[PDB]
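**Q** sequence, then structure. It's an experimental one.
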Amino acid sequence: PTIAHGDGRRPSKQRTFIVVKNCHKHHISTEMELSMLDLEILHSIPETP
Amino acid sequence: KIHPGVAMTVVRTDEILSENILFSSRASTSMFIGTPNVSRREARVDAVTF
Amino acid sequence: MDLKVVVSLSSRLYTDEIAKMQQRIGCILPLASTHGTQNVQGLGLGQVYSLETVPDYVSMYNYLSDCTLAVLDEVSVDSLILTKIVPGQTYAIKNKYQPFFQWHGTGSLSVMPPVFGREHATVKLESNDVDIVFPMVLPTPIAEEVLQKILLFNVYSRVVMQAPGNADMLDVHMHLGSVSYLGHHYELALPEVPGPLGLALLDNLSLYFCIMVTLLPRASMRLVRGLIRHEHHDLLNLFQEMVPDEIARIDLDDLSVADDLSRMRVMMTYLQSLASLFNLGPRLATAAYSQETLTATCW
Amino acid sequence: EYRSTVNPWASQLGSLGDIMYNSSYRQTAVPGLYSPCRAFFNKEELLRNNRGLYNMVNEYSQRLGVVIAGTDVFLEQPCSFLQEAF
Amino acid sequence: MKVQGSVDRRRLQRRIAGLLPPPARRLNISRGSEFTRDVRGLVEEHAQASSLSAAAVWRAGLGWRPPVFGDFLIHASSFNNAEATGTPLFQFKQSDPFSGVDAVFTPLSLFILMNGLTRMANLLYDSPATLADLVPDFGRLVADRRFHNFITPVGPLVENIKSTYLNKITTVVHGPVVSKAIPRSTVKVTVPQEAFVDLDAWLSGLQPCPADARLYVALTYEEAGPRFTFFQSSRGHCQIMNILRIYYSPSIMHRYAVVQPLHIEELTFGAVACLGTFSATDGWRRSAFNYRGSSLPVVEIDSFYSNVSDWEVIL
C-alpha cells in the first residue's frame, strides 16, 4: 500500500514488485554394516531349537 | 606551534534525530471531507494512467 | 496533454486588487517551474525585475524565453488557476494591454519584456509584498523594430560619451525614443546607463559582421555606385548624388562571376544564422481574430 | 600449387592493378561509375565474401545438433560469392 | 458496526467506467454471420456519428502519437549486427547509385572515419576501409567543409531485419520513439558518455527550470580533424549557440594558421542542429555496452520526442 501526498511533487505511483526465492536441497546419508554371516543364515531354515 | 597574534571563536551547527510527542485536545479542529474525483492523466502506448 | 496549474497564496485576496486582476483574465505570464503546486513569487515576472534595480532588457528576454509561459485562467480568493503552453496545442487567447496594439489575421506574435511602462503591466500585491509582472505580446514587426531600437541605443549610449550635446539630444531620443503606429506614437523607457548582458548579443554581432565584411561581393557595389549617380530611386533617396568614397576604394578591381559565386554561397550560409540572434522571443501564430471581442486564437 | 601468380603486376598488395582498382587510392574518383574489377580487387569486399561463405557452410554444418538467427541467402552475384569469373 | 470509511468506491468505479473508451471494432471475415453482424454494427455507427439531427449521435466528447517510420537499407559491413537499438544514426547521400546501399552512419563510425573509445570502436570495426569507400571525398569534404550538409540526421533505429549483405532498418523520424511488433512498446536513446558535454553544468537569482530539455548536435573542424558533439541543454535556441561559441573559443583560437586569406570556403567553425526534446528535472542514466570489447560508458535518456533540425553556422 501507499499514501496519498498533497505537495507539489508528482503523485506517488502504486507499487507491485516481484520477489523470487530459491529452493535449497539437502541430502543426508547414513552408513550401516551387516556381517556376511548375519546375512547368510537368513536363507537357511532352522528347525532345532 | 607558536601562538598567533590573536584568539578565535569557532561556531558549528548540530542536528539531532529526536522522537517527539504530540498532544491535541478534543474537538480542536473541524474537518470537512470532500468527494473524490477522477481524471485520466495519459493514454500510454502500453497502459492507461488515472 | 492536459495541464492545469494551481498557485496557492498564503495571505488573503485583499479585494482592492482582485478587480484589476479579474479584468486581467486570459493573459500571458511566465512561471518558474512546471509543477502542480507553485510558489507565489516565482509566478509573475517580479523576480527578474526589481523596482530599485536598473532595467537590462536583454536579461529580461533571456529569463522570459527560458521560463514556461502560462495563460491566466481564473483568480480565486486564495487560488490562481492557470493552464500552461504545451508546445503542440491550440488554445484561445484574449488580451488587454494599456499600450494597446491592434492585431491582424495570421500575424505572428512575439513575447517581450514590458519595456514601455512598469506601472502598466505590473500589479502590486503588497499583501504578500509581491508584484505580478506581465510580459508584453506584440505583433512581430513592432517587436523586432523595438528590439533593434534597444540594441542600437545600447550601442550609441556607449558612443555618445564625451561628444557635443547635439549628439546627446538627437540620437539618444529621436529614433531610439519613440515607436510609431497608425496615427499613434508610444514612448519607450530607456536605461539611464548602458546595461551589461545586453551587449553580449552585440559581441556576436561584431563577429558575424567581421566575417561577413570579409566576404562582401563586388558587382552589387558597382550597380549601386552607378544607380545613385545616373538615376533616381526612392530606396536610393538615402544616398544623395555623393557616394561614400569607401565604396570607390573597395570597388577598384574588376569583376569575375566565379569569385562572386563562392562569396555569395558563404554569405547565404552566414545569413541563415542571424535568425537565432534576432528572434529572442517565443512566437505565436494567429489563426483567427475578432475585434468585437479582442479574443484571438494563437498557436 | 606449382605457381603462385599468373601476373605479378596485379595480384599483389601494392601492384599496378591494385593501385588502379582497390578501395585504397580511389578517393579522388568521381562517384557513380560502375567498375567491374571492384568486386575482385577491393580487399574488404573479398574478406566479407569469404567470411560469409565460411559462415554459411559452418552454420549449416554445426547446426542440426541456442538461438537460430535466420540467414538470408541469394544468388544474383555468384561471381562475387565464389571469386570466379567465367 | 464498521465505520464505512471516508471515501466511497462506487463513485470511483462509476467515474472510471465512464472514462474508458469504447472498444475497437474487430471485423470477422472467415465466418459469414459474424461478418454480416459487424457490418450491421458499422452502418449503425456511421449513422450514430454523422447526423447533426440527434444529440446522442454527438460522440466527440473526450492522442495519435506513434512515430513516423522510415525504412532504410544498408550494407552489413557499414553496421554491426550487435549495435544497440535506439542509437541515433546519421545518413549520407550517394550520387548516382542509391538503391544499392543507403550508407547510414553511427556515431562510433563517425569517430572512426574522423580518426578507450578508440579501442571499442576498433573492436567493432577492425578494417573500416569500406567506411572510407562510403565517402570518397572525405579528405576533400573535410576541407570543403561541406561535410555537415550531407550528413543528415535520421535519429534512433527501432528494428533491423538481418541479412547477409543488406540490412533492413526502421528509423524514427518525427514524433516519440515507439515500436510496432506489439502494442507499441517504447524504446530509449543512447549516446556515449564521453564525447558528450553537459552545457547546463559547464557554467556551474535562481535560474528558472523549463519543462522540456533539448538535445543539439554540432560538427567542428579542429586542427585535430573534425569531431562531433551533442549537447543536453534547456535554455533556448537563441542562447545555446552563444554559450556554445563561448565554449569553443579556446579551440577557435587555434584556427588562425589553417584559415586561408584568399579562399573563404574553409572559415566556418561548425554547425548546430536540434535533434529532439526530452523530460527535464530527471537527468539521464549510466550504462556500459555489453559487447566483446565493451568499455565505453554511455548516457541513455528516456522520453525522446524526435524533432530533427538543420545545421546552422556558428563562428
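**A** Okay, I see it. Numbering: from 1, shown residues only, chains lettered A, B, ... in the order given.
**Q** residue boundaries of the helices in the stretch 1-150 of chain C?
**A** Counting by DSSP state H, counting those that start in this stretch, one finds helices in the stretch 1-150 of chain C at the ranges C:18-22, C:57-66, C:118-121, C:140-159.
**Q** what sits up against the last one?
**A** Contacts made with helix C:140-159 from outside it, assessed by Cβ atoms under 8 Å, 6 or more residues apart in numbering or on different chains, are listed as C:57-58, C:61, C:101, C:107-110, C:112, C:115, C:138, C:171-172, C:175-176, C:179, C:181, C:188, C:190-191, C:193-195, C:198-199, C:201-202, C:205, C:278, C:280-281, C:283. Quick note: C-beta positions are derived from backbone N, CA and C, even for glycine.
**Q** ok, back up a step: and the helices of the stretch 1-150 of chain C: which comes nearest residue E:169?
**A** Among the helices of the stretch 1-150 of chain C, the nearest to residue E:169 by Cβ to Cβ is helix C:57-66 (37.0 Å).
**Q** packing partners of the closest one?
**A** When contacts are defined as 3 or more Cβ pairs under 8 Å, 6 or more residues apart in numbering or on different chains; DSSP states H and E, helix C:57-66 packs onto strand C:109-112, helix C:140-159, helix E:237-252.
**Q** what's the angle between that helix and helix C:140-159?
**A** Relative orientation of helix C:57-66 versus helix C:140-159 (axes from the mean of the first three to the mean of the last three Cα atoms, to 10 degrees): 140 degrees.
**Q** what's the angle between helix C:57-66 and helix E:237-252?
**A** Using the same axes, to 10 degrees, the direction of helix C:57-66 lies 110 degrees away from that of helix E:237-252.
**Q** who are the contact partners of residue D:73?
**A** Contact analysis of residue D:73 by Cβ under 8 Å, 6+ apart lists D:56, E:164.
**Q** can you give me the distance of it to chain A?
**A** With the distance defined as Cβ to the nearest Cβ, to the nearest Å, residue D:73 ends up 42 Å from chain A.
**Q** wait, does stretch E:133-146 make contact with chain D?
**A** Yes - counting by Cβ under 8 Å from any Cβ of the partner chain, chain D is contacted by stretch E:133-146 at E:133, E:136-140.
**Q** and among the helices of the stretch 1-150 of chain C, the most buried is which?
**A** By mean neighbour count, with neighbours taken as mean count of other Cβ atoms under 10 Å in any protein chain shown, helix C:57-66 ranks first of those at a mean of 21.
**Q** can you list contacts of that helix?
**A** Outside helix C:57-66, the residues touching it (Cβ under 8 Å, 6+ apart) are C:30, C:45, C:48-49, C:111-113, C:115, C:135, C:147, C:150, C:191, C:195, C:197-198, C:200-201, C:280-282, E:207-208, E:210, E:234-236, E:238-239.
**Q** residues in contact with residue 12?
**A** No chain was given, so I picked chain A. If you count contacts by Cβ under 8 Å, 6+ apart, residue A:12 has them with A:2-5.
**Q** you looked at the wrong chain, it should be chain E
**A** Counting by Cβ under 8 Å, 6+ apart, residue E:12 touches B:36, B:38.
**Q** now it: phi and psi?
**A** phi -60, psi -50 (degrees, to the nearest 10).
**Q** now distance to residue E:217 too, for the helices and strands packed on helix C:57-66, in TSV please.
**A** Formatted as TSV, the helices and strands packed on helix C:57-66 follow (distance: least, Cβ to Cβ, whole Å):
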stretch	distance to residue E:217
strand C:109-112	27
helix C:140-159	28
helix E:237-252	11
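**Q** can you pull out the strands in chain D?
**A** For chain D, no strands are identified by DSSP state E.
**Q** would JSON lines of the contacts of residue A:12 with distance to chain B and neighbour count be doable?
**A** Putting the contacts of residue A:12 into JSON lines (distance: Cβ to the nearest Cβ, whole Å; neighbours: other Cβ atoms under 10 Å in any protein chain shown) gives the following:
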{"residue": "A:2", "distance to chain B": "15", "neighbour count": "9"}
{"residue": "A:3", "distance to chain B": "15", "neighbour count": "5"}
{"residue": "A:4", "distance to chain B": "10", "neighbour count": "7"}
{"residue": "A:5", "distance to chain B": "15", "neighbour count": "10"}
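**Q** what about the helices in the chain?
**A** The chain I'm using is chain A. A:36-40 (DSSP state H).
**Q** wrong one, I was asking about chain D
**A** According to DSSP H, the helices that chain D contains are D:16-21, D:38-41, D:43-61, D:78-82.
**Q** which stretch among those helices comes nearest chain A?
**A** Closest to chain A of the helices of chain D, according to Cβ to the nearest Cβ: helix D:43-61, at 35.3 Å.
**Q** residues making contact with that closest one?
**A** Residues outside helix D:43-61 that contact it (Cβ under 8 Å, 6+ apart): D:22-24, D:38-40, D:71, D:73, D:80-81, D:83, E:76-77, E:127, E:129-130, E:133, E:164-165.
**Q** try stretch D:10-20
**A** Contacting residues not belonging to stretch D:10-20 are listed as D:5, D:7-9, D:24-25, D:37, D:41 [Cβ under 8 Å, 6+ apart].
**Q** redo that, cut-off 6 Å
**A** D:5, D:9, D:25 (Cβ atoms under 6 Å, 6 or more residues apart in numbering or on different chains).
**Q** mind telling me which residue of the stretch 1-150 of chain E is nearest chain D?
**A** Nearest to chain D in the stretch 1-150 of chain E, going by Cβ to the nearest Cβ, is residue E:96, at a distance of 2.9 Å.
**Q** element containing that residue?
**A** Residue E:96 is part of no helix or strand, with elements assigned from DSSP states H and E.
**Q** measure the nearest residue to it once chain neighbours are set aside to chain B for me?
**A** Excluding its sequence neighbours, the residue lying closest to residue E:96 (Cβ to Cβ, 6 or more residues apart in numbering or on different chains) is residue D:32, at 2.9 Å. Distance from residue D:32 to chain B, counting by Cβ to the nearest Cβ: 42 Å.
**Q** hmm, residue E:95 and residue D:32 touching each other?
**A** Yes - counting by Cβ atoms under 6 Å, residue D:32 touches residue E:95, with 4.1 Å between them.
**Q** three-state assignment of residue E:298?
**A** Following DSSP: H, G, I helix; E, B strand; the rest coil, residue E:298 is assigned to strand.
**Q** oh, I was asking about residue E:122
**A** Assignment for residue E:122 (three-state DSSP): helix.
**Q** burial count for it?
**A** Residues near residue E:122, counting by other Cβ atoms under 10 Å in any protein chain shown, number 14.
**Q** would you check how far apart residue E:154 and residue E:276 are?
**A** Distance, residue E:154 to residue E:276, using Cβ to Cβ, to the nearest Å: 12 Å.
**Q** look at those two and report which has more neighbours.
**A** Shown here are residue E:154 and residue E:276; by other Cβ under 10 Å, residue E:276 has more neighbours (27 against 21).
**Q** how far away from the center of its chain is the helix or strand harbouring the more buried one?
**A** Using DSSP H and E, residue E:276 maps to strand E:270-279. On the basis of Cα atoms, centre = their mean, to the nearest Å, strand E:270-279 sits 10 Å off its chain's mean C-alpha point.
**Q** next one: stretch A:29-41
**A** Centroid displacement of stretch A:29-41 relative to its chain, using Cα atoms, centre = their mean, is 30 Å.
**Q** again with stretch E:230-238
**A** Relative to its chain's centre, stretch E:230-238 lies at 16 Å (Cα atoms, centre = their mean).
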